[PDB]
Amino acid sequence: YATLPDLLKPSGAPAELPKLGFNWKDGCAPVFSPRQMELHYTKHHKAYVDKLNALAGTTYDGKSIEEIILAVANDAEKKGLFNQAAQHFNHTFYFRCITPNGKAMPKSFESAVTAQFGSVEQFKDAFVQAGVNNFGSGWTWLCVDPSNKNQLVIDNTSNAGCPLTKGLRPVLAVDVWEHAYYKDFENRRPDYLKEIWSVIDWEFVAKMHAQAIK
């Protein structure tokens, strides 16, 4: 399965930094400033894309970024390449999970969260707890688990860690690398986690969910 089948390493040309659904010069209101978005996208994410292209050469041309990630996930000769490729995916996914002023949960996705976690609020509180206690740099995810009747599951990864390497299908990502929030929140990761809900694009999340269970 591919989460993002249109995220590729082109043949004969560099992988591009994906275009955001919103303009980063306006930040991503009401939660993020222009400068926080500018740094995260045009510095951090760009650097992952640039280094991915330099490490990949033409060896992975025509492959999806996800295919690369899987191909090199347990290859100690290519940890550097794994880190850039996985971070490229992680960031592309994360930036699609956010949009100015958010978008409401479609009823169908809301019902799947409610069934699994009891209520939306219970899901959010558990997700915030996982994010807060995700030690060091990393990502907190909501995934579908095909090996467990497609249950929704909260999963923490460290550094470039990417759920597809253990068979999980992400529907939501929140970056907890300190650079994701330090400009606008400084040390206050918990406030970042609580506030980000109001810019989550639940329509994108719902689509990821619908496709992950089909």
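Throughout, we count residues from 1 along the sequence that is shown.
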Stretch with the greater mean C-alpha B-factor as recorded in the entry, comparing 137 to 145 against 105 to 113: 105 to 113
Averaging C-alpha B-factors over each stretch, which comes out higher, 82 to 90 or 68 to 76? 68 to 76
Quiz for you: based on the deposited Cα B-factor, which of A15, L193, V199, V205 is highest? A15
Sorting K166, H45, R189, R35 by Cα temperature factor from the record, which one lands on top? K166
Could you look up the Cα B-factor of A29 in the entry and say which third of the chain it sits in: lowest, middle or highest? middle
Using only modelled residues of the chain, where does the Cα B factor of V171 rank: lowest third, middle third or highest third? lowest
Looking at the entry's B-factor column for C-alpha atoms only, identify whether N156 ranks in the lowest, middle or highest third of its chain. middle
Compare the C-alpha B factor of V49 with those of the other modelled residues in its chain, then answer lowest, middle or highest third. lowest
